[PDB]
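Novice:
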Amino acid sequence: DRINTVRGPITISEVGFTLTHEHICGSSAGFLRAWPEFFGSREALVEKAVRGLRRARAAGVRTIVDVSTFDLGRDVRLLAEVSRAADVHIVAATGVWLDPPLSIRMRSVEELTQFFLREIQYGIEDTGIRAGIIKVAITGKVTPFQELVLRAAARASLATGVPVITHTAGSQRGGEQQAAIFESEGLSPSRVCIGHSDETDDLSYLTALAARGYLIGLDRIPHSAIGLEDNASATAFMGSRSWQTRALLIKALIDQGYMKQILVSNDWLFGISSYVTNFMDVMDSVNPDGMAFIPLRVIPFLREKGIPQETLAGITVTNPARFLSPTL
Amino acid sequence: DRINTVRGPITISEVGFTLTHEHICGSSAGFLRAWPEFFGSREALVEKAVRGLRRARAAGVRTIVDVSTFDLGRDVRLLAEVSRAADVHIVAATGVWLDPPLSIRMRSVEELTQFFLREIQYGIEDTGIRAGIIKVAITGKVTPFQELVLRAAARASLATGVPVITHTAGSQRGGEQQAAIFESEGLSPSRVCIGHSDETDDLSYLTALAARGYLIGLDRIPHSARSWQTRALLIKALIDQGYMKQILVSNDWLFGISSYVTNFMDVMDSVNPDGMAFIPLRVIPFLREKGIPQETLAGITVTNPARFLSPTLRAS
Ligand SMILES: [Cl-]
Ligand SMILES: [Cl-]
Ligand SMILES: [Gd+3]
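Going down the list, the sequences are from chains B and A.
Numbering follows the authors' numbering, in which position 293 of the first sequence is assigned residue number 327; successive positions increment by one, without gaps.
Heads up: the second sequence is residues 35 to 259, 275 to 365, going by the authors' numbering.
1) In chain B, which residues lie less than 9 angstroms from A:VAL310 when you measure between Cβ atoms?
2) In or out: B:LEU237 buried (at least 16 other Cβ within 10 Å) or exposed?
3) Can you name the start and end residues of the alpha helix (DSSP H) that B:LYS339 belongs to?
4) Taking the alpha carbon of residue 31 of chain B as the reference point, which residue from B:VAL80, B:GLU217 and B:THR97 has its own alpha carbon closest?
5) Nearest-angstrom Cα distance between B:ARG96 and B:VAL49?
6) What did DSSP end up calling B:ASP100 once you bin it into helix, strand or coil?
7) I believe A:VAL101 touches A:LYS169 by the beta-carbon criterion, under 8 angstroms. Please report the beta-carbon distance rounded to the nearest angstrom.
8) Using a Cβ-Cβ cut-off of less than 8 angstroms, give me the residues of the stretch 56 to 71 of chain B that come near chain A, in sequence order.
9) Please confirm if B:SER102 has its CB atom under 9 angstroms from at least one CB of chain A.
10) Please state the DSSP three-state secondary structure of B:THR200.
11) Smallest Cα separation from B:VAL316: which of B:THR202, B:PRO342, B:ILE260 and B:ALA286?
12) Any beta carbon of chain A sitting closer than 9 angstroms to that of B:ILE158?
13) Which residue spans inside the stretch 147 to 217 of chain B form an unbroken beta strand (DSSP E) run of at least 3?
14) Whose C-beta lies closer than 8 angstroms to the C-beta of B:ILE333 among residues of the same chain, with five residues either side of it excluded?
15) So is B:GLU145 in contact with chain A if we call contact Cβ pairs under 9 angstroms?
16) In this structure, how does DSSP classify A:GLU219 when only helix, strand and coil are distinguished?
17) Flag this pair as touching only if the stretch 75 to 93 of chain A and the stretch 105 to 122 of chain A have three or more C-beta atom pairs under 8 angstroms; answer yes or no.
18) Which runs of the alpha helix (DSSP H) fall wholly inside the stretch 77 to 151 of chain B and span at least 4 residues, in chain order?
19) Taking the alpha helix (DSSP H) that B:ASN312 belongs to, which residues open and close that run?
20) Return the residue from the list B:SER307, B:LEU362 and B:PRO354 that minimises the CA-CA distance to A:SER142.
21) When Cβ atoms are compared, which residues of the stretch 123 to 138 of chain B fall closer than 8 angstroms to chain A?
22) What's the gap between the Cα of B:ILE288 and the Cα of B:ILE296?
23) What is the C-beta distance between A:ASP232 and A:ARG254, in whole angstroms, given that I count them as a contact (C-beta under 8 angstroms)?
24) For B:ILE284 and B:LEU252, I'd like the C-alpha separation in whole angstroms.
25) Would you call the stretch 115 to 129 of chain B and the stretch 160 to 180 of chain B in contact, with 3 or more CB pairs under 8 angstroms?
26) If I follow the unbroken beta strand (DSSP E) through A:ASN38, where does it start and stop?
27) At a threshold of 8 angstroms, does A:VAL101 count as lining ligand 4 (C-beta to nearest heavy atom)?
28) Using DSSP with H/G/I as helix, E/B as strand and the rest coil, what is B:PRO70?
29) Kindly examine ligand 3 and report whether one of its heavy atoms sits closer than 8 angstroms to the Cβ of A:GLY305.
30) Go ahead and label A:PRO135 buried or exposed: buried means 16 or more other beta carbons lie within 10 angstroms of its beta carbon, across all protein chains shown.
31) Using only alpha-carbon positions, find the residue among B:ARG118, B:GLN212, B:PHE335 and B:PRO223 that is nearest to B:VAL40.
32) State buried or exposed for B:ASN312, treating a residue as buried only when at least 16 other CB atoms are found within 10 Å of its CB.
33) How would you call A:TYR156, buried or exposed, if buried means at least 16 neighbouring beta carbons within 10 angstroms?
34) For the stretch 172 to 186 of chain B against the stretch 138 to 152 of chain B, are there 3 or more C-beta pairs whose distance is under 8 angstroms?
35) Going by other Cβ atoms of all chains shown within 10 Å of its Cβ, with 16 needed for buried, is A:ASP133 buried or exposed?
36) In the DSSP assignment, the alpha helix (DSSP H) including A:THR352 goes from what residue to what residue?
In structure tokens, the structure reads:
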């Protein structure tokens, strides 16, 4: 019914303009607590995230989905502190990303299902903060362990109504292999977002998934290493396609009649330790607008290309609310 | 020169009989906090650890070294609670084991040095508990990343005087690889224990390391599950070569484990019900029956660990 946030449950009407694929910090389990000075200090990270989220709020953002899992270093007390000080809703996540420690990757599908249910139904750690989404990541061809994760995600979603968001690393696609596993578990496509789908220009691929009822996450819009060709780490992380090319996939799916299947986001963050040192400075140099990039740059761009305001409000308000509202 | 424990600094005279390579829990960073029910509950893990440490204390143990690193799920607040309840000193560790997350394995040698120094000089997380040892694990062939870890460990040891303990996973030898890297950095062998050394029968290899000044960690004795007596006889063999001062003995035990198959703890407990008391209850009497004097046993279990753990920036 209602949606669980790091400040507690909110009604669908309170969700508002939502960014569906974000993070406060991209890290590893326990790392922010063990080496906060990697980020300058915990206090500096909080300050930067609060300033950044307040800017996004000024630009109209009301809710973000922090898809950070246990193994991406999710620190729900950090999310709570930042959500409260920025006065922006944050939905927390369960699931498994691409760096599970042994205590996770040795677990069975039944064990993973119980872990996800604990975080959704009881709370994360000892905080009582409950997850409102399940995040899964796969590599190219689904590994045996990643199939266990996808199946446990489907089983937790069916038990709680909470949605699933995915992405594929190092491959421009992946959604068709994921969708096959999800449907083999009886999961409705309307509970699944195929994330980072703006990494490809394969419109046939995107349209076919949308036509099955999947949500299409065009959610890395500002990521572009154009101009940073001499930084190989930036190219591998952000790609060589312009943000306008990513944004025009939004227009293309609208033009095909699938406005209701689109979710949009920046895939931003305010600190990152899981990649090369000081990569946050590289991303900040490419997109000083941070999480405000979507409302400030992409929305007017799509308006200039003729998309009605009503259609954009449906994509940024109505679709995420339908997605996040628990449904089974 | 005092030794840092999870309850603060203690003097050498308080260290007593020490188990130099142990764990309370073998896990992953953040896992005990995120899924305590995997262990039944946090309270159940505490109660089991306290009973196990009280049993070891009644067999004479006064200090354990918990060599669990960040990536093995070290929870220093758990260690502190168990140490207080059982009245057994616990020395905590920094370093890197075999499962570093991206935030660790993307780091440079200079960054890893700073991380170890933070945990030794300032404290672990926000607790003020300082590490008293650096643990490094490697695999058969040292990987490029493992070499960075070994060099960072040497640099942190040289800056603080705390010792380093290492082992090689998947090869009965391998100490030569670490020794060459450590010496290239200027680290004294007297600051280094080559652990899991009871996993080889090649006594010539252990003797050659002992002759270079390394400490020999005969610390997986009950993991035979090869008999434990044959492993324990390596202790007598090294004594008879004249290297009693270079021997450290332990169990490499723990009271919960999540980093392998589910219920592996039950397998472990079935083969060694003595837990951490295996060394004092089985190995020490066995060596005494084989004619090792009391004074030599006390040297190995009291004098050697205190010499090893006492921060020493300059070797004799
Ligand atoms: Cl992610
Ligand atoms: Cl270890
Ligand atoms: Gd061990």
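All C-beta atoms, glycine included, are put in the ideal place defined by N, C-alpha and C.
Specialist: Result, derived from the coordinates:
1) Neighbourhood of A:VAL310 in chain B, by CB distance below 9 angstroms: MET140, in chain order.
2) exposed
3) Neither: B:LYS339 is in no alpha helix (DSSP H) and is coded neither H nor E.
4) The first residue shown for chain B is 35 and the last is 362, placing residue 31 of chain B beyond what the model contains.
5) 6 angstroms
6) strand
7) 4 angstroms
8) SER61, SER62, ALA63, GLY64, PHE65, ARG67, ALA68, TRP69 and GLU71
9) By this cut-off, B:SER102 is not an interface position.
10) strand
11) B:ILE260
12) yes
13) 167 to 173 and 198 to 203
14) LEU346 and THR350
15) yes
16) coil
17) They touch, by the three-pair rule.
18) Complete alpha helix (DSSP H) runs here, min 4: 110 to 120, 136 to 139 and 143 to 151.
19) The continuous stretches of alpha helix (DSSP H) do not include B:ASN312, and DSSP gives it neither H nor E.
20) B:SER307
21) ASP133, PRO135, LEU136, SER137 and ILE138
22) 8 angstroms
23) With a Cβ gap of about 6 angstroms, A:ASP232 and A:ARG254 count as contacting.
24) 7 angstroms
25) yes
26) 37 to 39
27) Inclusion of ligand 4 in the displayed structure is not the case, the ligand content consisting of ligand 1, ligand 2 and ligand 3 alone.
28) Residue state, collapsed to three classes: helix.
29) No - ligand 3 has no heavy atom lying nearer than 8 angstroms to the Cβ of A:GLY305.
30) buried
31) Nearest C-alpha to B:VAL40: B:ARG118.
32) exposed
33) exposed
34) The way I'd put it, the stretch 172 to 186 of chain B does touch the stretch 138 to 152 of chain B; three or more beta-carbon pairs between them come closer than 8 angstroms.
35) buried
36) No alpha helix (DSSP H) contains A:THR352, which DSSP labels as neither H nor E.
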